[PDB]
Every structure is written in structure tokens, then in C-alpha cells.
Amino acid sequence: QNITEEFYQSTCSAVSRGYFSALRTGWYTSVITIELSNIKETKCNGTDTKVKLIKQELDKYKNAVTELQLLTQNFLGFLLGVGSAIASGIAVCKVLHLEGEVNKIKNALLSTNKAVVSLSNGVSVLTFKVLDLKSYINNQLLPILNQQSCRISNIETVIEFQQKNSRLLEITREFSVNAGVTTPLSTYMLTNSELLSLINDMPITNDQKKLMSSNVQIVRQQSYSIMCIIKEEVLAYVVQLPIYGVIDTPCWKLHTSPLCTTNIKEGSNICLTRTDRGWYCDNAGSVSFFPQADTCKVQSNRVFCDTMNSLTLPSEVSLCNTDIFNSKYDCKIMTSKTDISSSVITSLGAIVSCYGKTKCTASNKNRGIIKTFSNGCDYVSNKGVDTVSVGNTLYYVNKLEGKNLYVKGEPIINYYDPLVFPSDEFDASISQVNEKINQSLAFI
Amino acid sequence: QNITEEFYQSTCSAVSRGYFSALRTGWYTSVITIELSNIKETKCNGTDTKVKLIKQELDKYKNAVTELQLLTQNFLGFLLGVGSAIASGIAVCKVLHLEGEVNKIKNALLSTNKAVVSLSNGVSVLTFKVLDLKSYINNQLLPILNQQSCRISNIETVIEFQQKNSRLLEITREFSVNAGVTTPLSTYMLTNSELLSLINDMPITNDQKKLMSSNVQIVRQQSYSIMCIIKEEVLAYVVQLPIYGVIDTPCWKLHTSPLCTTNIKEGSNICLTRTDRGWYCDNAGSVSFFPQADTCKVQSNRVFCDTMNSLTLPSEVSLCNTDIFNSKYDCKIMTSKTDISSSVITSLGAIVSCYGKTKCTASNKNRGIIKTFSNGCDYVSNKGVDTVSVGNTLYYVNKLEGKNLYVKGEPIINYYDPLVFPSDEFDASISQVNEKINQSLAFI
Amino acid sequence: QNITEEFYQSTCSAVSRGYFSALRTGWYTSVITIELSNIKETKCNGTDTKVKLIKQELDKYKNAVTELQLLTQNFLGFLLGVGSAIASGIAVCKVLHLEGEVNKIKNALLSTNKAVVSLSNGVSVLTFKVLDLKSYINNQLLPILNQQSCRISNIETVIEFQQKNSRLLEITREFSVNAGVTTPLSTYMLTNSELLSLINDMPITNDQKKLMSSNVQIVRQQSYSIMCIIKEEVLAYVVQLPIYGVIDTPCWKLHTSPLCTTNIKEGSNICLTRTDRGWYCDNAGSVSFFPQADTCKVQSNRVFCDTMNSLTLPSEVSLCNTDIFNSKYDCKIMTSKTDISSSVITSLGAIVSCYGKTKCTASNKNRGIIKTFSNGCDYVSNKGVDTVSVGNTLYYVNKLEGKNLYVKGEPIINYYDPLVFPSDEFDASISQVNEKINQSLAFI
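Just so you know, the sequences run in chain order F, F' and F''. A prime marks a further copy of an entry chain. Numbered by PDB author numbering, the letters in the first sequence go through residues 26 to 99, 137 to 506 in order. Numbered by PDB author numbering, the letters in the second sequence go through residues 26 to 99, 137 to 506 in order. Numbered by PDB author numbering, the letters in the third sequence go through residues 26 to 99, 137 to 506 in order.
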């Protein structure tokens with residue numbers, strides 16, 4: 026929607042504003058249960074295609090129960143020792159293993175299929191019964207299987223049993239190939255009917271309920287399913303859903319690109335790049351910063367992010383966009399001598415860093431070339447433009463309409479004397495390049 | 026096939042030549058459609074296993090339509143702001159949302175199952191009808207379901223309806239777990255029969271058609287499926303297939319490994335590594351360079367790559383393989399003091415960098431050890447050799463026959479005086495280490 | 026189980042001990058085979074729902090055979143040219159293509175479903191026959207399909223044929239979407255019954271057999287399935303299972319975090335971080351080091367790792383934990399001026415690096431805040447603590463009981479004069495910062 030973008034010619038960066046936050050800060054857990062029956066041996070002469078057919082669909086059942094039994098018996139550096147995403151789920155699994163805890167769940171779901179249960183560790187969980195394979199196998203099936211002559215009446219029972227068993231096998235293969243933990247949340251793990259029902263009874267605001275149920279596909283991508291326990295005629299697993307404790311605060315995206323002096327010969331040029339690119343959202347008097355790509359998902363002008371993937375910075379960090387030389391926040395940059403041509407596709411446009419003999423242009427599919435980029439760091443709005451070419455590579459601009467603004471100014475690389483420029487700083491900042499230069503100039 | 030490899034003792038690198046390019050430069054889009062019926066409520070007393078069985082298979086149908094409805098309502139740093147792979151597909155989705163555009167498609171496919179359609183934005187698309195669930199549900203099914211007493215005749219209709227519905231549910235779960243965009247291209251999204259049919263009618267050369275239909279498995283790995291629209295008794299989604307606009311130009315792979323001085327004691331040695339490893343293909347008077355691992359897939363002597371993942375370099379870049387000190391291209395290297403033993407498996411052999419007390423050897427499973435590597439950077443051909451051991455780690459050489467060549471020369475690390483060697487350059491080059499040394503030598 | 030952890034206040038690191046190794050060093054291969062029939066055209070008038078229903082399930086069969094036919098016709139930098147994980151499998155595929163080699167397998171499995179076969183390249187393989195689609199289609203099905211009038215008797219045969227065909231289609235779609243190589247090992251590729259049977263007949267110790275069959279889910283995550291050959295009425299593919307040649311040696315995990323001087327103003331502080339974090343296991347007189355995250359999977363106090371992902375270091379490397387200034391191993395560190403607050407979740411606790419105005423605390427869900435962290439690098443045990451907060455981010459401590467130990471000492475960053483501190487070392491070491499300082503101090 027109302028999205029705007031500013032490009033800063035001086036620092037070769039661009040900021041996309043107009044977005045609104047939805048940052049995960051809490052976790053909600055609920056317990057999904059399937060009712061099982063513990064059928065062992067069925068003394069039955071078979072060979073009759075119909076009996077042999079239902080015995081092998083019964084074999085799939087015992088194989089999945091067994092497979093589940095085998096599961097239950099057992137700036138980016140700053141984000142590596144982050145811990146387990148599923149701790150609050152695992153906390154619920156520990157409790158279901160306590161004696162009689164599964165028994166509490168069964169009795170709560172004996173009369174209905176959805177009930178609130180107070181667990182023994184203080185968390186109040188919503189519990190669902192999504193499949194009753196127990197009373198199907200015990201009632202509408204097992205009597206036929208417990209006389210020495212076993213003759214199923216009609217093939218309809220073979221098909222009815224495959225349909226009942228089917229969801230259990232879909233749930234088991236997902237846990238199998240994923241060591242008991244799956245994300246995103248399958249429709250098989252939680253159907254849309256059950257997920258909206260769950261969201262509606264969450265201890266959250268009507269604001270958060272309406273945000274979640276308008277983007278169920280995003281809630282799935284940020285939820286986990288955890289295989290839990292399989293005892294006492296019950297299968298249970300924990301669904302872990304996000305809670306967006308930060309809502310509707312301003313978010314902005316920083317795009318950066320290498321800024322270099324413009325001599326055509328390679329290596330005789332000094333470069334400089336802002337390293338603080340990523341997503342920024344205001345969050346409790348500070349700024350939550352998301353440096354990693356694909357840790358935030360955009361929908362129109364709403365940003366969903368998980369604060370587990372963020373760093374906290376002082377809110378002054380945004381001063382680097384408007385005044386990189388400011389004395390309130392030391393803005394972070396890297397330096398090099400690698401003048402390779404490249405383009406960054408922003409929200410409402412494109413940044414192009416053209417160096418050497420490279421051919422960099424911006425085109426319209428019907429009109430031809432609309433801008434030929436000179437050497438240096440320039441910018442184009444996505445209005446009237448479909449593609450950007452850089453060397454032999456074709457980039458596609460985004461086609462969303464917004465307000466673009468070009469803030470002219472001198473490239474700050476021009477302020478630096480190349481004879482005393484620290485030209486291989488992996489992770490520095492503005493005043494760290496200044497104090498490194500102040501040493502060299504005093505050596506003279 | 027005719028593959029050759031050169032190892033350069035002087036720069037501890039190896040080049041595998043003999044390959045031929047297939048670089049994606051264009052995108053082809055076609056519209057796949059499934060015909061739907063908009064059945065809401067069926068007033069039917071059931072309970073009879075057969076009727077209740079077909080009502081729940083009908084429930085799966087409405088659940089998938091709903092799930093699709095929920096989707097439609099809504137050197138490596140130089141490759142991060144690259145944009146959307148699926149822009150030209152999304153451009154086609156925007157058009158199908160225009161009024162009457164889906165109506166154009168329906169009428170084109172009313173008489174046949176494959177037809178060319180001219181869309182309203184100028185792109186001529188090939189359109190497929192792969193499933194007609196409309197006329198099945200409306201004709202061979204719904205009459206039975208619209209009298210107050212509903213009795214399906216035979217179980218065959220329950221099974222026939224599951225088979226018809228089945229592909230729709232397979233397509234919907236893939237879009238569900240992937241937020242409406244999937245890659246590689248499922249056989250469920252596009253069968254081999256439909257994909258070869260599509261390739262045969264593409265606006266491309268008989269050369270490109272024969273290349274694509276000889277490697278359908280690779281075309282799948284480089285294609286996208288995009289969920290699009292679900293209105294007016296039609297489901298439609300866009301398949302986006304690659305176009306290889308660069309074909310049969312020479313490609314070569316650069317393998318690099320750390321080159322260091324050979325004192326056994328750790329840290330008292332200086333190291334130096336070429337950083338320009340990856341794939342290189344000639345491309346329109348320049349060289350397309352693929353620095354990222356797994357962005358190129360090899361089949362015999364053919365390299366498939368996506369130019370979206372490349373950088374453009376001057377063709378002079380290959381001079382670094384034969385003369386790293388050349389004055390036409392500043393060859394890029396890094397420096398360190400980290401002499402850790404390691405091996406690189408090349409196309410037709412292995413590079414071994416052996417330092418310290420490490421045991422590095424090359425073996426034959428029947429003959430024993432064939433080469434024991436001294437300290438420094440050495441190389442072995444894959445003829446008569448199965449494995450390379452480095453410390454406690456076993457590497458397996460590739461078993462393809464080719465021409466190996468060993469270019470003797472002095473390790474360039476020996477040319478550098480260690481007392482004035484910039485020994486922690488993250489991203490430098492030959493003449494940047496030279497000018498950094500020229501400063502230190504004048505300080506004296 | 027008996028897990029202990031030490032935190033070193035001086036170097037801002039923590040070591041989790043008590044673990045025991047299971048490192049993959051060998052590969053076992055076996056050949057799984059499905060018996061096929063090469064049915065081409067069946068001259069049959071149909072239209073009868075039952076015949077048309079079995080003809081399309083027969084179509085799925087030929088489509089999967091075709092799809093398989095299309096497949097058969099065709137510190138972290140030190141780990142990039144590692145080679146192919148599946149070399150020893152591919153070596154077995156080459157042999158099955160030799161003339162009469164598939165014929166050897168068929169005759170070995172003509173009388174039973176599991177047999178040892180001696181291949182022509184010297185490897186003795188265990189061979190399984192998991193599905194006999196040949197004699198089903200040829201005997202219990204094809205006679206009905208080879209008179210001009212084709213009338214299937216009962217719908218039971220349609221369902222029986224779907225069940226037989228079903229596993230073949232599950233195997234084919236996995237190979238399809240994965241270019242003939244899949245990991246982890248599907249239950250569809252190898253059932254739990256077949257996998258335990260295979261492990262029991264492996265040429266390995268009763269120790270290794272009991273370790274593997276107690277963790278089948280881990281064996282799956284470290285195994286590969288390779289599509290191989292489809293000729294002469296046989297489908298065959300190779301399963302490649304790990305062999306743990308290193309068992310029960312001590313493993314320990316190193317956790318590191320940035321250590322910095324504690325002035326609140328940003329950038330005027332020098333930092334220093336140990337870069338050697340990861341897993342370490344004793345291995346044949348040396349130490350196997352696993353720098354990459356998620357290349358080791360933990361179960362209670364057992365560590366499963368693949369030595370293909372490791373480096374070999376001298377066993378002296380562990381001296382850095384107890385004496386970072388030691389003269390036997392040059393301990394590796396990086397330096398910067400980036401004092402951003404962050405926390406590392408260790409095995410039995412949490413490391414917190416608190417800098418600037420950031421609010422860093424450790425909480426109990428019932429008691430409130432239990433520790434407020436001062437500026438600098440501190441540590442908390444997981445006893446009585448559930449969460450750690452750093453700025454706006456909530457981290458969850460692990461809830462396993464163990465022995466924690468806090469080794470007090472002075473932060474080594476305090477030993478360095480900031481006026482001559484090389485404050486942007488990407489990959490250095492203790493004595494490399496010393497010799498870099500010795501130059502600056504002599505310049506004076």
C-alpha cells in the first residue's frame with residue numbers, strides 16, 4: 026500500500042518505508058490427540074482377497090504406531143547460539159510423560175473433541191481430538207476379525223478403513239522424515255478448520271486473532287509440530303503457534319550496494335559499503351534489526367518476523383540513513399578494492415553499481431533502454447521500467463507503485479585520500495576508518 | 026567426455042576444461058488449468074457407508090479449493143539483492159485477474175486441451191487443460207446427489223471419484239506447504255507427457271528443444287510453478303520454464319586450495335589462497351562467473367547454470383590461471399596464517415594442502431598407498447587412485463577418465479618476505495599485496 | 026546423562042563435556058530390487074468403469090517405469143571441495159550396468175527375498191527383494207487383459223492392484239523430485255523391518271549393530287538412497303548406510319561469545335572472540351573438529367557426526383580452553399570493535415555478552431528476574447532459570463541437569479593497550495596479535 030522509498034546518492038543505499046510490524050515474541054501450545062486401539066494379534070485364516078486386503082491396511086496402522094514409538098523413546139554470527147525454537151513445546155511434552163497426565167487429557171476429551179485442560183506445570187492448553195481410530199477399529203471392524211473364519215462382508219469396509227487410517231499415515235511420514243519435528247504446519251497436522259478454531263480461542267486480542275486468521279499461510283510458516291507421546295490408547299503431539307507481541311510499529315528495509323571511485327582500470331580504486339542492510343522495526347524503545355535474508359516475510363505493507371532472529375540496536379541506528387557522519391551512532395561500513403558491477407532490487411526500484419567496462423542499463427519491454435548507467439552508484443524507480451541489465455545478467459524490478467525519492471549528494475568515497483585509505487576492512491565503521499587514517503597521517 | 030585438467034603448482038589451483046554451456050537467460054510461461062465445479066450444499070440424508078464415503082471425498086475437494094482460495098487472496139555478497147526469480151510468472155498472474163481474461167482461456171480450451179492464447183499484456187501463452195473435474199462432478203455424479211434419498215449404485219463410483227480428485231489434492235498440498243510457489247516442477251504439476259508436449263511447441267530453436275527434452279530432470283530443477291487464480295469454475299497456475307540463451311560456449315571450473323610456507327610449527331607460516339574459485343563460462347564477449355556452490359549442475363560435459371546467479375567479469379580473468387602476476391587483470395587472493403591440512407576433489411583428480419604433522423596420502427583399494435603427500439600444495443590424478451586421506455578424513459576422487467596435466471613451477475608464497483607480508487587480507491589481490499608491501503618497505 | 030560444563034570468564038567461552046562419539050568413517054551398500062514386468066500394449070476395449078479404472082492404475086505403473094528410465098539414462139572454507147558423499151554407492155551402480163550383473167542378482171533372489179551376492183568389483187552386497195510386481199501383473203492380472211473382451215470380475219482386483227503398485231509410485235516420486243538421490247532414507251525406500259534386518263547382517267561389531275538399531279532415526283538421517291538401473295524386468299537401487307568407525311571416544315562442545323572492554327559509548331571499545339567454536343571428538347591420536355552447525359546430532363550423551371565434515375587438529379587444541387596463552391598451540395581469535403549484545407545457549411546454561419545500554423537478564427517463569435547481567439561477558443547455569451533476555455529477544459535455556467563450573471579469571475581483553483590493538487582481524491590468533499603489536503611498539 027502506501028509505500029515510499031528514498032535513495033541516498035552519498036552512501037549508495039536505499040530505505041523502503043511504509044511497512045508495519047508483526048514480530049513473534051510469544052509461543053502458544055496446544056495438544057492434538059488421535060485415539061488409538063492396541064490391537065496385537067488377530068487369529069484369522071485369510072487368503073481371501075478382501076481379508077488379506079484389510080490385514081495389510083491394518084499392517085500400515087501398526088507400522089505407523091511403531092514408527093511413532095521409535096520417535097518418542099528418544137552480523138550473522140551474533141545469531142548462532144540462539145537455542146531451541148521449540149523449547150516451550152518440549153516443555154509440554156515433558157509433562158504429558160508424567161503419570162496420569164495423558165489420562166487427564168482423555169477424560170477431558172471423552173465427551174467432546176475440543177476442550178481446555180490445565181496441565182500439571184501450570185500452562186493451560188487447548189486440546190483437540192481430530193481422529194477416533196480406537197472406536198472404529200474396536201467396534202466397526204475388530205468383531206469381524208476375531209472368529210477363526212474371517213469374512214468381510216463388502217469391499218466398502220476396506221475403503222472405509224483406508225480413509226480412516228489415511229491421516230494417521232500422513233502424520234507419521236512427516237514426523238518420520240523430520241525426526242519428530244516439522245515446519246511449516248501441515249494441513250495434515252492441523253486442518254484449516256481446526257487452525258481457525260484454535261486461533262479463535264487463543265488468549266490474545268481480537269486484533270491478533272484477526273491478523274492471524276487473515277494470514278493462515280504465514281502462521282503455518284512460523285509454527286512447529288512436535289511429536290510427543292504414544293501410550294494408553296492415545297497419540298498426542300504439540301502444535302506451537304506464534305504470538306505477535308509487537309504489532310503495527312513502523313518497519314523499514316535498508317538496501318546497500320558498493321560505493322567506489324570511478325577509474326576504469328581495476329584495483330586502482332577504493333570502495334566502501336554500508337554493512338547494516340536488512341529489516342528494521344521499532345520495538346520497545348529500541349530497534350529490532352533482522353540482518354539475515356528470508357527471516358522476514360512481507361504481505362502488502364505488513365512485515366512478519368521472528369525476534370529470535372534479530373539483534374537489538376539503539377534507535378539512533380536510523381541516523382545512518384540520513385547522516386552517515388553523525389556523532390550519535392557509529393555507522394558500520396566495510397572497505398575493499400573490489401569494483402565489480404552489481405545491482406540491488408529494492409522495494410520500489412533498483413540500485414546499480416556500475417564499474418569498469420560493464421554495460422549497465424534499465425529497460426522497458428516495449429520502449430527499449432530508458433537509462434544507461436554511468437560508472438558509480440546510481441538508482442532508478444520502478445515506474446516505466448521492467449528490467450535492469452548488469453553485464454550479462456537480467457534483473458526484474460518489482461512492479462508495485464509507490465513514492466520514490468532521490469536524495470542527491472556527494473558519494474562519500476570522494477572524501478577519502480586513496481594514499482591513506484584502509485582498503486580491506488572486513489567489519490569497521492566510520493570513526494574506525496577515521497582513527498585508522500589519523501594514525502597514518504601522523505606517521506608522516 | 027573429452028575433459029582435461031591442469032594443476033598449477035605455483036598458485037595451488039586447478040582448472041577443469043572441456044565443458045559446454047547451457048545458461049538460463051530467458052523464461053517461458055504457460056498456463057495450466059483444471060476445470061472446477063462450484064458445488065455448495067447437497068441436501069442428502071446419508072449414513073449409508075457408500076454415500077458417507079463419497080461425501081468425504083467431496084469434502085477433500087472443497088477443502089483443496091478453499092486452501093487454494095487462501096493462497097490467491099494474498137564474492138557471494140554481490141548476489142543478495144538479485145530480485146524475484148518468478149517475476150515473469152507473476153506478470154502473467156496479474157493479467158489473469160483482469161476481467162474476462164480467465165473467460166478468454168476457457169473458450170480457447172472449450173474444444174481442445176492444448177491451445178495458444180494471446181493474453182492482454184502481449185505475451186502469447188500456451189494453455190493446457192489437464193483435468194476436467196467440472197463435467198465429472200456435474201454430470202457423472204451430482205444427479206445422484208440431488209434427490210432427498212441418495213443411494214450410490216456401486217462402490218466403483220467412490221473409487222472413480224478418488225482417482226479424478228487425486229491429482230487436485232496432490233497439487234494443492236504442494237502449493238500449501240510452499241506458499242503457492244514450488245521448485246522443482248512436480249510430475250504432479252506437469253507430467254512428462256505434458257512437459258515434452260510443452261517443450262516441443264516452445265518459440266525456441268530445434269537445438270534448444272532437443273537439449274531440453276534430453277534433460278527433462280534438469281529442466282524441472284530450474285523451473286517454477288506459481289499458483290495463480292481460482293474463479294469462474296477454473297483453477298489456473300503458471301509454469302515457468304527456462305530458456306537457455308547461451309549454448310555450447312566453453313566452460314571451465316577453477317579449484318583453489320591454501321598455499322603456505324612449509325615450517326612444521328603452527329602460526330610461523332604465511333599463507334595465500336586464490337579466491338576466484340567456481341564456474342566460468344564464456345558469454346557475449348565477457349565471462350560469466352558462478353561463485354556459489356550448487357548453482358551449476360553438470361551432465362557429462364554440459365554445464366547448466368542460471369545467469370541470475372552469476373557475475374560478469376572481463377574475459378581477461380582467465381589469465382590468472384596461466385600467469386597470476388599478469389598486468390591485464392588484477393588476480394584476487396586472500397592471505398592468512400592458518401596452515402590447516404585440507405584436500406579439494408577436482409573434476410579429474412585431487413588437490414592436497416598438507417601442513418604440520420598431518421598424514422596426507424592417496425590410495426588404491428587393492429594396492430595400498432600410492433602417494434604420500436609432503437608438506438605444501440600437491441596434486442594427484444584420479445587414474446589408479448580411489449581415495450585421498452587427510453588426517454582422519456577420507457575423500458573419494460571422481461572416477462571419470464580424462465587428460466591430466468601438471469604444470470610445475472615455484473609456489474608464489476616463496477617470493478614473499480614474511481617480515482613484511484600482510485598476513486590477514488580478507489579480500490585482496492596481487493597488486494594490493496604489492497602496494498601494501500611497498501608501504502612497509504619505505505617505512506624502513 | 027553425566028554431562029558437565031565449564032565457563033571461562035577470561036576468554037568468554039564454555040565447554041560442554043561428558044559426550045561420547047559416533048563418527049561415520051565407512052559406508053555400507055546394499056541393493057534393493059523390485060521385480061518388474063515389461064507390459065506394453067494391451068489390446069482391450071474398455072469404457073466399463075472397472076476396466077478403465079485398472080487401465081489407468083496400469084498407466085501410473087508405466088509412467089513410473091518411464092520416469093525411472095529417465096533418471097538412469099543420465137573455518138568452513140576448508141570443507142568446500144570435499145567430493146561426493148555417495149561415491150561408494152555410485153561405484154556399485156557402475157557394476158550393475160555390466161553385462162549379466164543384474165542377471166546375477168535375479169538368480170540369487172529367485173528362491174528367497176534376502177541374499178548375499180558377490181559383485182564383479184569385489185564388494186559383497188546384501189540384496190533385498192521388497193516387491194514382486196512382475197508375477198502379480200503377469201499372473202493375477204494380465205490374463206484378464208489379453209482377450210478382446212476385457213471384463214474384470216470384482217472391484218477388489220482394482221484395489222489390490224493399487225496396493226501392490228503403491229510403493230513403487232512412492233519410491234518414484236522421491237527419486238523424481240530429487241534427481242535420483244534421496245536423504246534421509248524414507249521408510250518407503252527401506253522399511254523399519256528391512257532396515258533392522260539389514261543392520262543385523264552387516265559386517266560390523268555387535269557393538270555397532272546395537273548402536274545403529276537403537277537409533278534408526280539417526281541412521282536414516284545419515285544414509286543415502288541412489289537410483290541405479292531399470293532393465294531386464296528388474297528395478298534396483300542402492301542404499302548407502304553409515305559405518306561408525308569411531309565409537310565411545312570423548313567429545314566436547316566449545317561455545318564462544320564476543321569479549322569486549324566495557325565503556326558504554328559505541329566504537330571506543332576493542333573486542334576479541336575465540337573463533338574455534340564447534341564440536342571436538344578425540345580420533346586416532348588427533349582431534350576431529352566439526353566447525354559447521356548441524357553437522358552433528360546429539361542423543362542423550364552420544365554425538366553422531368560425519369568425518370567428511372571435519373578437520374583434523376593436533377590434540378593440543380584443547381589447551382586453548384584452559385590456557386589460551388599456551389606455547390604448544392596457537393589459539394585462534396578474531397578482533398573487532400563491534401560491541402553488540404548477544405547470548406549463546408550452551409548445553410547446561412547460557413553465555414551473555416552485554417554491552418552498551420542493553421537490558422540483559424535471566425528469568426524464572428514463576429520467580430521473576432534471577433540475574434541482571436552487567437556489561438561484559440558473564441554466564442549463568444540452567445538450574446532455576448528458564449529464559450534469558452537480551453534486548454528485545456527471548457532465548458530459552460536447555461532444561462537438562464548437569465554439573466556447572468565457573469572458572470573465574472580476568473578477561474584477556476583487559477591485557478591489551480587499545481592504542482596499539484589490531485582491531486579488525488578476520489582470522490588471526492594469539493601470537494599473531496602479539497607480533498602485530500610488537501611491530502607497532504617498535505615503530506615508536
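Heads up, the beta-carbon is just placed ideally off N, CA and C, and yes, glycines get one too.
Check	Outcome
Positions along the segment 64–79 of chain F whose CB lies within less than 9 Å of some CB in chain F''	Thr74, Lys75, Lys77, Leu78
Contact set for F:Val406: own chain, Cβ-Cβ below 6 Å, skip 5 residues either direction	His317, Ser319, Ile413
Contacts around F'':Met289, its chain only, beta-carbon distance under 6 Å, and the 5 residues preceding and following it disregarded	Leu96, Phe237, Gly242, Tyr299
Cβ-based contacts, 8 Å cut-off: residues of the segment 482–501 of chain F'' near chain F	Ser485, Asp486, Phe488
At least three beta-carbon pairs within less than 8 Å, the segment 202–216 of chain F' to the segment 242–256 of chain F'	no
The beta strand (DSSP E) enclosing F':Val360, as first and last residue numbers	358–361
Terminal residues of the beta strand (DSSP E) in which F':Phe45 lies	38–60
Three or more C-beta pairs below 8 Å linking the segment 373–390 of chain F'' and the segment 334–344 of chain F	no
Whole runs of the alpha helix (DSSP H) within the segment 348–413 of chain F, excluding any shorter than 4 residues	381–384
CB of F'':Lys427 within 8 Å of CB of F'':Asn331, strictly	no
Reduced DSSP category for F':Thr97 - H, G, I as helix; E, B as strand; rest coil	helix
Three-state class that DSSP yields for F':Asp440 in the structure shown	strand
Chain F contact residues for F':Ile217, given Cβ-Cβ distances below 9 Å	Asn216, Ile217, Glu218, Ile221
Residues near F'':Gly43 by beta carbon distance below 6 Å, same chain, minus five either side	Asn27, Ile28, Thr29, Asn363
The alpha helix (DSSP H) enclosing F:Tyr417, as first and last residue numbers	Looking at the DSSP string, F:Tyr417 is not in any alpha helix (DSSP H), and its letter there is neither H nor E.
Per-residue DSSP class, three states only, for F:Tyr250	coil
Chain A within 8 Å of F:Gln283, Cβ atoms only	Of the protein chains in this structure, namely F, F' and F'', none is chain A.
Selection of the segment 227–239 of chain F'' by Cβ proximity to chain F', strictly under 9 Å	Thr234, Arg235, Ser238, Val239
Cβ of F':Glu463 within 8 Å of any chain F Cβ	no
With 16 other Cβ atoms within 10 Å as the buried cut-off, status of F:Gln279	buried
Under 7 Å from the C-beta of F:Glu92: neighbouring residues of chain F''	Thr249, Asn254
Whole alpha helix (DSSP H) elements within the segment 143–211 of chain F, 4-residue minimum	149–158, 163–170, 195–200
Pick from F':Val495, F':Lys191, F':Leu78, F':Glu472 that is closest to F':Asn169, judged by C-alpha positions	F':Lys191
Opening and closing residue of the beta strand (DSSP E) in which F'':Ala298 lies	296–318
Where F:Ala504 meets chain F', residues with beta-carbon distance less than 9 Å	Result: empty, since nearest Cβ-Cβ is about 13 Å, beyond 9 Å.
Under 8 Å between C-beta atoms of F:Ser228 and F:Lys315	no
Touch test, the segment 345–362 of chain F against the segment 320–327 of chain F, Cβ-Cβ under 8 Å, three pairs minimum	no
Per DSSP, cross-strand counterpart(s) of F':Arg282	Note: F':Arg282 sits in no beta bridge, so no partner.
Beta-carbon separation (whole angstroms), F':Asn345 vs F':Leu141, contact threshold 8 Å	The Cβ separation is near 16 Å, so there is no contact.
Assigned secondary structure, F'':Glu82 (DSSP; H/G/I helix, E/B strand, else coil)	helix
Per DSSP, cross-strand counterpart(s) of F'':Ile292	F'':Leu297
Exposed unless 16 or more other CB atoms sit within 10 angstroms - verdict on F':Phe505	exposed
Test item: CB-CB of F:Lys359 and F:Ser491 under 8 Å	no
Contact set between F'':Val144 and chain F', taken where Cβ atoms lie within less than 7 Å	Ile407, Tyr457
Cutoff 8 Å: F:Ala47 Cβ touching any chain F'' Cβ	no
contact_flag[the segment 51–65 of chain F', the segment 420–440 of chain F'] where n(CB pairs < 8 Å) is 3 or more	no
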